[PDB]
Every structure is written in C-alpha cells, then in structure tokens.
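In structure tokens, the next block holds one chain alone, the form deposited in one PDB entry.
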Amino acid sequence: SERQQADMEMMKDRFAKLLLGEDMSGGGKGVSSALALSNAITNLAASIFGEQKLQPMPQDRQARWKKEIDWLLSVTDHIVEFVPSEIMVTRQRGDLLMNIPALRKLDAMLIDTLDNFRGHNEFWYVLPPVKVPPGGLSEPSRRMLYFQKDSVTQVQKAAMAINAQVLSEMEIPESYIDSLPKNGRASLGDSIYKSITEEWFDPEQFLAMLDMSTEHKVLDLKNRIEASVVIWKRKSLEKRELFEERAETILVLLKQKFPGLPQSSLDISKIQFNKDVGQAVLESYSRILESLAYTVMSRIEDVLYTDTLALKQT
C-alpha cells in the first residue's frame, strides 16, 4: 500500500504540475497545457539520460522512462477527429494516428540499444576523454558497438524527419513576424544574398565559401535563412520561388551536416506559442529521441575512433 500510495502520488505529482502550467503558486501565471507537456517531455529526458559518457541503463531506469513517457503521451489517445465510413466514426487525429506509434517504436529501438551497455564495456573515461585497451577492443565488443551505432543512426534520422515535419505544420507567431527584417536581402546580408541569387547555384559550393567553423556561425546562418524564407513566402515571382527553394535546400543540408545544432529562433518561437497539445507532444518527443540518438551515435563514434588509433598503435 505504501509503495502503492507512493506510485499514485507520483502520477498525481506529474499531472498536477501539468494542470498548474508549472505555476506552483496556484493562480495560473503558468504556461499552456501544450507548453507544459512539451517541457515535461524534455525535462524527463534530461532527468533519465542526463548529459550523456556511455553508461549502463539498468532495468529499473528503463521502467521509469517507459511509464513516465506513457503518462505524458496518454493525452494523445484523447485527441480525436470524426471521419466518414454510412456513419461518422471517431478516430485518432491523422497527424498522431501513425506518428505516435512510429515514435514509440524508435523509442524502443533506442532503449534496446542502450540495454546492450549492461555487458562488459572495455572502454572507460578519465568531454572526458575515452580510452580503450592498449591492443584495442576485442572483436565482439567492436561488432556490438558498430551494430549499436547503426541502430541509433537509424533512430536519429527517422526522428529528425518526424521533428522537422511537425515543426513545418506549426503556426508562426506574430511576435516572430513583427521581428523580421524588411527584406530577404536585409536578413541574409549582401554577400550571402548575392550568392543565393546567383544564376547558377550548388548548395554545397554555397556552404564551402562560408565560415562554418563554430556551432554559433552555423546557427546564425540557419536563422537568417529561415527568416528570409518567411519573408519571401509572405511577399519577380518565378524568382522568389527559386530563392525560397534554394534556401530550403540549404536548410536540408544543414540538418544532415549538423544534426546536433541547437533549435533555431523560429523553432523556439513556434514551440513557445503553440497551443496544440498533439503537436507539442509530437515535436517534443521526436526532438528528445533524435537528440539522444545523436548523442549516443557521437559517443560510440568517439570510442570506435580511439579504437582505430589503438590498432594502429599496436
């Protein structure tokens, strides 16, 4: 009963913070339910997985993750539209009907991968540098890590696609719009603008000419590009349509080249303003799974690389 009351109280605790909009003073100076849920999902990931060293994830930790995510996603079971079939039947909303199970499957793939850290990990830490045995890893460990890396590579890519898709369906706040420069030229700057409006264009060649050396330089570029697209989409026609398309092409290259880039000013604006509870759960859950899969991928990459140095050293 005590362990039982404690369980009920835990659920009550979680749903109260949500219903309060995070405002524990009571008087709803809080956030919307949609933002509360968005925040809760990202908070839970930070609590379960932390900053992520590659480490064992014991079964009890997998259990907290599973149930707490269950609680947070369960609202989506109640998000409904009516569809013809002659009758009108209630059906889960079309943007969640397959997306939610698709996300839960990526989640399970990720956990199943992290579960394989329960064995003998031959690497250790002293970002903390990772080391492997002087001879390098044993072959069974090397093969496990490659498989694990393949698995999280898959999750990262599928969750990034779901994330990008949901953000594309979320409304742009008037607050973002009023902040926009007057011009695509004004948001890009004169040098970048000239390049993107060139008669002949290769987005790979466009980016090689740029200083992309820091995470902050890339995010800056992304922010200017996204602004210019909003500016152009609201505004020659043939030619506006071309620059828009080239911009969207660069935005797609950035996601591939830089999967761990922070969220853009537009992303954050959409999230803060969004009142749609389904999209909030979609956006936050996909982002969380993409981000964890990316971090795990990179960390495994760190170990396999230093293993490559050791086999050359030995």
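C-alpha atoms forming the largest set that superposes within 1.5 Å between two forms make up the rigid core. A residue's number is simply how far along the shown sequence it sits, counting from 1.
Although it is not shown, the form deposited in another entry is what the next lines describe.
The only C-alpha among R91, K105, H78, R118 that moves by 2 Å or more between the shown form and the other one, given a superposition on the rigid core, is that of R118. Core-superposed comparison between the shown form and the other one: CA of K270 displaced by less than 2 Å. Put the two forms on the same core and the Cα of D220 is off by 2 Å or more between the shown form and the other one. Comparing the forms between the shown form and the other one on their rigid core, the Cα displacement of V31 stays under 2 Å.
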